[PDB]
Amino acid sequence: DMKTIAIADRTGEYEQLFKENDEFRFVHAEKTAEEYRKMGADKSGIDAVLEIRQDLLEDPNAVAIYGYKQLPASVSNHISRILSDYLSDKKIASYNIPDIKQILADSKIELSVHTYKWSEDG
Amino acid sequence: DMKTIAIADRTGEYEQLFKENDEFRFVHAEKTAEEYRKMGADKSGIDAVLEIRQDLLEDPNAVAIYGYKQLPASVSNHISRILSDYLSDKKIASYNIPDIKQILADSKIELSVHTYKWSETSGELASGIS
Ligand SMILES: [Mg+2]
């Protein structure tokens, strides 16, 4: 069902990328990972915390997710794809072509494909 | 418990993007979305159809996902980003920049976030050394 993930993003660069869907609620971390750990899931109201210490192009090992339980792969797959898209944009945006930022912005396409449940036939 | 999504792409451009995917089970649509609807989930063996009706650069709205049940937002999330990154890159590659395909490929970051359970006894004997 819906999972709640607290985010402790020390950089403030990445926390804005996480939107509140049906499967996922992202909230700002107010306790440390150890404080969440000790309080337990009943009391914290979270399933896991996303911890990011520093610019992930500088050190990609500086991000981790901790949860009370082993989390389904979808959790980290969704967060990883959100971070990977952003970091790929940032790296191409660093490239030494004088108008790369215009080119990237002009070329940017961001679909939100509509998903529907078919009408029932039964 | 991967969902199976049949791809009905009228353009022939986009199925190649889904051959290497680690979240969903993509297959080629052999029937239309409406036929899969009518035959129902037990007959068809799929959960959803990604339907692409036009080049998404000419008409980005010309795509939709249908399922028998409500699908998690993750399915559209994932599919939308894969298509978006492709179309963005296709447009970037049309500018006059030498080796742009190589550069685009080299600039992709694939971060897989390490995920841990915090460590934390009745039927399990302790060590004999303690
Ligand atoms: Mg075309």
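Order of the sequence lines sets the chain letters (A, B, ...), proteins ahead of strands, with each chain counted from 1. Just so you know, ligand 1 is whichever comes first in the structure, and atom 1 is the first atom listed for that ligand. What's counted below: heavy atoms across the whole structure, side chains too, no hydrogens, waters or symmetry copies.
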> Report the C-alpha separation of B/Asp85 and A/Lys108 in whole Å, then their side-chain angles, then the decisive distance to 0.1 Å, and conclude whether the salt bridge (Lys or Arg N to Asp or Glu O under 4.0 Å) test is met.
CA-CA 8 Å; B/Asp85 284 341; A/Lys108 195 87 179 319; over 6 Å; no

> In this structure, which one of A/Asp47, A/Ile52, A/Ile79 forms a side chain to side chain contact (heavy atoms under 4.5 Å, CB included) with A/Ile65?
A/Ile79

> Closer than 4.0 angstrom, basic N to acidic O: yes or no for A/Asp59 and A/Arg53?
yes

> Looking at B/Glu35 and B/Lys38, is any side-chain nitrogen of the basic one under 4.0 Å from a carboxylate oxygen of the acidic one?
no

> Examine the side chains of B/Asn21 and B/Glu23 and answer whether a donor and an acceptor come within less than 3.5 Å of each other.
no

> Using 2.8 Å as the cut-off, note every protein N, O or S atom close to the Mg ion (ligand 1).
B/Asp55 OD2

> State plainly whether one hydrophobic cluster holds both A/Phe18 and B/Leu111, where clusters connect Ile, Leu, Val, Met, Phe, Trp and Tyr through side-chain heavy atoms under 4.5 angstrom apart.
yes

